[PDB]
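Quick setup: one chain, the form deposited in one PDB entry, written in structure tokens, and binding and motion questions come after.
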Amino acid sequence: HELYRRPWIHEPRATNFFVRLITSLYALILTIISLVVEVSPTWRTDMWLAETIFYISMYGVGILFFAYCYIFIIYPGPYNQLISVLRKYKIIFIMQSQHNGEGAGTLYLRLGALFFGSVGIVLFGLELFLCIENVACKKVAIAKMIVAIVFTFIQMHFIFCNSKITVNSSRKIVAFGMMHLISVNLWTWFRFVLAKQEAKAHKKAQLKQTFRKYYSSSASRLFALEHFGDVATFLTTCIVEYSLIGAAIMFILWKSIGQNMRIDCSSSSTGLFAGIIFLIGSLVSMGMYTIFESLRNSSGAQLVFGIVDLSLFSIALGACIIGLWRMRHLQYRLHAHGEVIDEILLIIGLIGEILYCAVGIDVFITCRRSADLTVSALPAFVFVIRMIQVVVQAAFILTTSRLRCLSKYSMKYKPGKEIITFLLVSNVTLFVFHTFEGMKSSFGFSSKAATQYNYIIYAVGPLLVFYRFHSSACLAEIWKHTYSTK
């Protein structure tokens, strides 16, 4: 006939789309089945053998795909040596390195993946220790923890070294493996957010009892959650953040299938000093709350401590507003210069933060209704300011990540760079502050003043996201890209 009149099976675009679609559908089926299995209560108690087989199978297929990659794509050296020996005096195909430079994720994202994977492996090892010291747990728990640790470590190495992967080899096998890795990461994320939700009920009940005794008369489970205090909450949010990052990186790698300067610390001083002041204030607040039992029990102090949190969030929000106003002078990007991975992860962190704040606000009101509204509304104000701050900061981060300093005025004068530096430092301090807040109720709020000024006790919902880490990574990318010479 004419050109482009061949069967779609021979068309590279059509068959690439078909493999893409098949792998995506397979992932979707696995993720839905994993969610159904995890929620189901008859799979953790009765069908323990089936649940163990599913767990071992998910991690084992992940490890098999990782081994296939390391042997046949990333490091085909030993395979080439074996194939040469076979040809020498055994039998009578060779692979090539073909190393690439497709760095999918940002360096900050991969470093965070390393840190969170290490913390998750620490959590897995702690479970393993608990199940070793326990007789209730059996040999299958040992295998589950070991295979989880092995998969997590191998995926840490794969994520960090995701540039030397040449996905154009074994395209369909790599697509299926990437989708299985996404399914495994999402299944781990769902497992550990269901585990995090178990502590929500206990915290809620404890809060209701503590509230009542002070205002009266006017299906996944990890043993460390309820054994190692509230540190297990930090470990579990670390592992869910690691799983989210890994799933995003694997999705970027899977999407790439089939598709053919120096630190400029200039104009980063006034913001850096303000960021250091923010860090010093946050650290002083954390230390005063932690080491001084007298301070955490007084009402003056608990008022001042809550005012400190409100001031921190208000200062961050005002910094974002001033940054938008100053950076209004910048220029839009001439062409794309980023991966949607960072935006997607930041939006997921934003969703988690808004959910956390809304649940806290709902619990706060609930509690105030049960006490005839005798509680100061400062915790509600802190929650609302936190939600407004995270929303405005997400908008600011996206807008300024799509901004550049192209004009001569925007080059000699850097509008907002001080604000960007301050926001990056303050986001690191808010990350460590939110880590501390997960252990604030470990001290014990025996202070009646804590029931009327401290807002952490009202946040019984789990914090499933590290929005501050993703915000810091995006802000560092903005700082190093938006204010660059080009």
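So that the term is clear: the rigid core is the largest set of C-alpha atoms that superpose within 1.5 Å between two forms. Numbers for residues come from their place in the sequence shown, where the first is 1.
Form deposited in another entry: not shown, discussed below.
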{"property": "Comparing forms between this form and the one not shown after core superposition, the one residue of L111, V308, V119, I341 displaced by 2 Å or more at CA", "result": "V308"}
{"property": "Is_shifted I361 between this form and the one not shown (CA, 2 Å cut-off, rigid core)", "result": "yes"}
{"property": "Is_shifted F422 between this form and the one not shown (CA, 2 Å cut-off, rigid core)", "result": "no"}
{"property": "Large Cα move at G62 between this form and the one not shown, threshold 2 Å, rigid core", "result": "no"}
{"property": "Closer or farther in that other deposited form: C-alpha pair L463, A248 (3 angstroms or more)", "result": "closer"}
{"property": "Sense of CA distance change between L244 and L463 in that other deposited form, threshold 3 Å", "result": "closer"}
